[PDB]
Amino acid sequence: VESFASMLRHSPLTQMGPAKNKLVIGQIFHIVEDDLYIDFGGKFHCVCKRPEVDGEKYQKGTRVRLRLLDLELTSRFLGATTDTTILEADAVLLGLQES
Amino acid sequence: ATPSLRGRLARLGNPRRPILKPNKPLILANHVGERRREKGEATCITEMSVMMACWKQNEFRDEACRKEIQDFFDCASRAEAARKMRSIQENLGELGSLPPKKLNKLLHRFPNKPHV
Amino acid sequence: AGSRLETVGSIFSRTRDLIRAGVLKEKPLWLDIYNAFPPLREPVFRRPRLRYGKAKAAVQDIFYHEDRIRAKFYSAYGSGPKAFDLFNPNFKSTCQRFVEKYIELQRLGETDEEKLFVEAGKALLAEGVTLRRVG
Amino acid sequence: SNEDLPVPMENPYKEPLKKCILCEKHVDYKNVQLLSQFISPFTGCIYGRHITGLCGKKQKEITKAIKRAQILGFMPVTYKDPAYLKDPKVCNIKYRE
RNA sequence: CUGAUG
RNA sequence: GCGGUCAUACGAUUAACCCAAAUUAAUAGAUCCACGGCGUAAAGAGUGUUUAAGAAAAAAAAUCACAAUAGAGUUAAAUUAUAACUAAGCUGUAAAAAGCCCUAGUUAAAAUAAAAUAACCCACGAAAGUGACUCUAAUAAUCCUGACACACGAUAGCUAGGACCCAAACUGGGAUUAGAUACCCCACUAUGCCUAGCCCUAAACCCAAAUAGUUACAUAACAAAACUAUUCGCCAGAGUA
Ligand SMILES: [Mg+2]
Ligand SMILES: [Mg+2]
Ligand SMILES: [Mg+2]
Ligand SMILES: [Mg+2]
Ligand SMILES: [Mg+2]
Ligand SMILES: [Mg+2]
Ligand SMILES: [Mg+2]
Ligand SMILES: [Mg+2]
Ligand SMILES: [Mg+2]
Ligand SMILES: [Mg+2]
Ligand SMILES: [Mg+2]
Ligand SMILES: [Mg+2]
Ligand SMILES: [Mg+2]
Ligand SMILES: [Mg+2]
Ligand SMILES: [Mg+2]
Ligand SMILES: [Mg+2]
Ligand SMILES: [Mg+2]
Ligand SMILES: [Mg+2]
Ligand SMILES: [Mg+2]
Ligand SMILES: [Mg+2]
Ligand SMILES: [Mg+2]
Ligand SMILES: [Mg+2]
Ligand SMILES: [Mg+2]
Ligand SMILES: [Mg+2]
Ligand SMILES: [Mg+2]
Ligand SMILES: [Mg+2]
Ligand SMILES: [Zn+2]
């Protein structure tokens, strides 16, 4: 039986290490008038803006490329015992499954 | 950036003299202050200057120069249209600034946690 | 009726004693299930006091020896060309193949860090991956 | 008995600390060209940390050197020497909008 | 600008 | 605390209650203040050192940019005593008046006082205190607490000598008010400035004592969360004070 300690070491998130400028692939799951909720797959979903190039080619279920900046935007302020989580992620659009 | 805060207030663990004497507890409130009657500037000043230049030069008659009379009215009409259309466009969108009526609702969604 | 107290203890500790005292003359259906399979921790109310002083949390950071090797690749070449796919469970990345080649060459008795580092990059050219050294 | 447990080691991805513009440099009180890049050209006010961006050591030595050069007769106080106006802009303040 | 008391 | 025609509280009646050959009233008694506190109620004494005295109960260390302090030298901005050109005005408040017209602006200019920005920095010193520049000396303890003893102790005040741009106690005028010996405006003095010698006071407040620690139990309220072991100095209603 494979326990948790062995299956965690072979996780792609462990192989990626820090989330600073990592190239990842994410599949869109919801569409807004101009915003795109792309789930790169780690914990949260990043909100990106529809570019002017091939903006119509972005539909529900499309896989796109991202450069992950931060995994979960959390920070502290004055008089806050905990942090203020944004419940999102930070990522930018580069391409849409160039293959 | 944000100024340093360690070693400023009067606490039991601080061995030196307190530097900052806060009037009220430095806790980030969940609602911003309302903007004190945000104002705007006038319009068509350059179009009015070149319009009154005709009056001062041709001894105050409109039959001499006319384009400086028509461009002034065009600027007035465009300003009158922008005063009404932008007064709704900027309140519907949030690209630039925003009134505190929305900042308060944005902060209440993710407020500060003084306790626990 | 019941016991609306929160800070005294758990719902089991507030219902079993009441039934023992004989006020609640009807036994709740979940009480037999609780007695059959109690949880690991009794649900007692505990107030989360803030931790002051030199005390620190008992959690320990997660770091492996493979991270010390991945740091070299991320400082030398940066992010790999093959983007990560977080949906594939058995997805192997470029840095993962590099650290695998490193730990494989380590068994050959190679103790020089340069010998263990540059030989993996030279061997990856046999598989045919493209590396972009950040200078 | 598990061999895939995390080991109590240091952080390998620990990034190097940010350096000031004069980190591991030698400041002086006679390089008027160097000291002028931190004063205002119109008034001569000494820019602070929020504008310059210097770490805790050089920030005070720059001020000391400026105050020494302003009394010894190396650099004027009421303004900046116009011969050193063509120096590259190091500060982070923009006047003309 | 100034305006005391119950 | 009760007594303004409804008194269960005054005086009398009825009734009831509690003691009992004792019942009340007065004064003495025994007991009762703190093995509790010292941020806001009474309380951490203005600071350091030291004698006496006390525990050293398990192991560790001493010392680094930046305005400690004491002497000596120096001045960048402004102002002024003083000269030269221009004008009859200058300063002055919400509005004026008074004052100055040896006035006002510019160009130059000693002596004295103070030390823009840097400072969103938080260091130095036991505390008060210190941030215009340079130089010399220098910032104790192989480091517990510890006085009424010793030594310091901001501004303000005193004595003698010196300095006096500027600000101003006081004072003299001009406004406002019914009155204004005040807030507003002008002039001016002691004083603030240096040396020597005193006085030893503050909301000397960070109202939180020092020495080594803890996040265990645990929100009077607010405020800076609750606490341990050895100590020093205080706290017994308020006014009187
Ligand atoms: Mg206050
Ligand atoms: Mg408030
Ligand atoms: Mg009667
Ligand atoms: Mg009676
Ligand atoms: Mg008592
Ligand atoms: Mg008191
Ligand atoms: Mg004290
Ligand atoms: Mg006293
Ligand atoms: Mg002296
Ligand atoms: Mg001078
Ligand atoms: Mg007059
Ligand atoms: Mg003189
Ligand atoms: Mg100065
Ligand atoms: Mg100190
Ligand atoms: Mg010492
Ligand atoms: Mg001692
Ligand atoms: Mg005098
Ligand atoms: Mg005067
Ligand atoms: Mg008078
Ligand atoms: Mg005096
Ligand atoms: Mg004194
Ligand atoms: Mg004081
Ligand atoms: Mg006191
Ligand atoms: Mg309450
Ligand atoms: Mg003591
Ligand atoms: Mg008394
Ligand atoms: Zn530096």
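Header annotation of the entry names cryo-EM as the structure determination method and lists the resolution as 4.2 Å.

*Asks:* Please give an account of the packing of aromatic side chains that cites residues and values.
*Replies:* Residue and element names in this part refer to chain C. Per the counting criterion, the structure on display carries 12 aromatic pairs over all chains. A ring pair is formed by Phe12 and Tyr34, whose centres lie 4.8 Å apart and whose planes are at 20°; its orientation type is stacked. Taken together, the residues span a long stretch of sequence, with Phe12 in helix α1 (residues 11-21) and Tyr34 in helix α2 (residues 29-36) at a distance of 22 residues. No difference in accessibility class separates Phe12 from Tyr34, as the two residues are buried.

*Asks:* So, the protein's contact with RNA strand F: which residues are in play, and what are the values?
*Replies:* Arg8(B), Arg11(B), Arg49(C), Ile46(D) and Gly56(D) are the nearest of the 32 residues found near RNA strand F. When atoms of RNA strand F within 4 Å of the protein are split into backbone and base, the sugar-phosphate part holds 53%. In this structure, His50(D) approaches RNA strand F through a side-chain N or O atom, which is 3.2 Å from a base nitrogen. At 3.1 Å, a side-chain N or O of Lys64(D) approaches a phosphate oxygen of RNA strand F. Here the surface near RNA strand F takes seven residues from helix α3 (residues 58-72) of chain D, the largest share from any one element. Residue composition of the surface near RNA strand F, by class: 11 nonpolar, nine polar and 12 charged.

*Asks:* Tell me about the UniProt feature "binding site: Mg(2+)" (unreviewed entry) in chain B, residues and numbers included.
*Replies:* Sites flagged by UniProt as "binding site: Mg(2+)" (unreviewed entry) map to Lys24(B). Here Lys24(B) falls in the exposed class, since its relative accessible area comes to 58%.

*Asks:* I'd like a description of the interface of chain D and chain A, backed by residues and values.
*Replies:* Many structure descriptions define interface size as the accessible area lost when the parts assemble. Across the boundary between the two partners, chain D contributes four residues, which contact six residues of chain A. Summing both sides of the interface, chain D and chain A together bury roughly 440 Å²; the carbon and sulfur share of this comes to 56%. Per-residue buried area on chain D facing chain A is highest for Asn2(D), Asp4(D) and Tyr13(D); these three make up 81% of the total on that side. At the boundary of chain D with chain A, the tally comes to one salt bridge. Across the salt bridge formed by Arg9(A) and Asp4(D), the nearest N and O atoms sit 3.7 Å from each other. Where chain D meets chain A, there are one residue pair in polar contact. For the side of chain D that touches chain A, a count of residues per class yields two nonpolar, no polar and two charged.

The rules we used
Residues numbered from 1 in each chain as written, not as in the entry; some residues may be left out. Chains lettered and ligands numbered in written order. Part of a larger assembly, values for the part shown. Heavy atoms only, no water. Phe/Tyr/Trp six-rings, centres within 6.5 Å; stacked < 30°, edge-to-face > 60°. Helix = DSSP H or I, 4+ residues; strand = E, 2+ residues; numbered from the N terminus. Buried < 20%, exposed > 50% of the residue type's maximum accessible area, 1.4 Å probe, protein only. Near = heavy atom within 4 Å. Polar contact = N/O pair within 3.5 Å; in protein donor to acceptor, adjacent residues only side chain to side chain. Nonpolar A, V, L, I, M, F, W, Y, C, P; charged D, E, K, R; others polar. UniProt positions renumbered as here; feature names shortened; annotations may be inferred. Contact = heavy atoms within 4.5 Å. Buried area = accessible area lost by both parts, 1.4 Å probe. Salt bridge = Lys/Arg side-chain N within 4 Å of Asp/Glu carboxyl O.

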